[PDB]
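Positions are given from 1, in the same order as the sequence printed here. In what follows, every heavy atom counts, from backbone to side chain, and hydrogens, waters and symmetry copies are set aside.
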Amino acid sequence: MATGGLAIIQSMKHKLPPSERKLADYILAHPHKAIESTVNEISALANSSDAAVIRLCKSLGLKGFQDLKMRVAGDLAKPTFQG
């Protein structure tokens, strides 16, 4: 409920359109940066668009980018994802 952000992104990595894919790739590669980024920052980092970040979040069943960041942060809190 406050976790699973990385699992949900990794699950869809190969089922996402291009613009959403660039985003999922950057977040998976740099999840610590991702949880401290704005929509404008993450879209620039993934060479994608602001609209694609919102679409990515909706594609995953999330309320938006804050939800995505919270759920990723929840995973980074776990020993399962620490290291």
Listing, residues 58-68 side-chain donor-acceptor contacts under 3.5 Å, not counting sequence neighbours, or none:
from : atom 1 : to  : atom 2 : distance (Å)
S59  : OG     : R55 : O      : 2.9
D67  : OD1    : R71 : NE     : 3.0
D67  : OD2    : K63 : N      : 2.9

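Residues passing the side-chain contact (heavy atoms from CB on, under 4.5 Å) test with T80 are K78, sequence neighbours excluded. By the side-chain hydrogen bond (donor to acceptor under 3.5 Å, both in side chains) test, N47 is found to be paired with no residue, residues two or more places apart in sequence or in another chain being considered. Listed by chain and residue number, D25 satisfy the salt bridge (charged side-chain N to carboxylate O under 4.0 Å, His left out) test with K13 (two or more places apart in sequence, or in another chain). Annotation: ring pair (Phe, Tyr, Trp, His ring centres under 6.0 Å) contacts of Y26 (sequence neighbours excluded): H30.
Residues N40 and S43 share a closest heavy-atom pair of O-OG, 3.1 Å. The two residues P31 and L6 have their closest heavy-atom pair at CB-CD2, 4.0 Å. For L56 against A24, the heavy-atom pair with the smallest separation is CD2-N, 4.3 Å.
Under the 4.5 Å side-chain contact rule for hydrophobic residues, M70 and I42 do not share a cluster.
For the pair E20 (side chain) and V53 (backbone), a donor-acceptor distance under 3.5 Å is absent. Side chain of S48 to main chain of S19: a donor-acceptor pair is present (N/O by atom type, distance under 3.5 Å, no hydrogens or angles).
Listed by first and then second residue, the salt bridge (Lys or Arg N to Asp or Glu O under 4.0 Å) pairs that reach into residues 32-46 come to none, sequence neighbours excluded.
A distance of 9.0 Å separates CG of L45 from OG1 of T38, quoted to the nearest 0.5 Å. Atom CG in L28 sits 5.5 Å away from atom CD in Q10 (nearest 0.5 Å).
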Given the rule in the side chain to side chain contact (heavy atoms under 4.5 Å, CB included) test, do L16 and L23 qualify, once you have shown the distances and angles that lead to the verdict? CA-CA 10 Å; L16 290 167; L23 286 156; over 6 Å; no
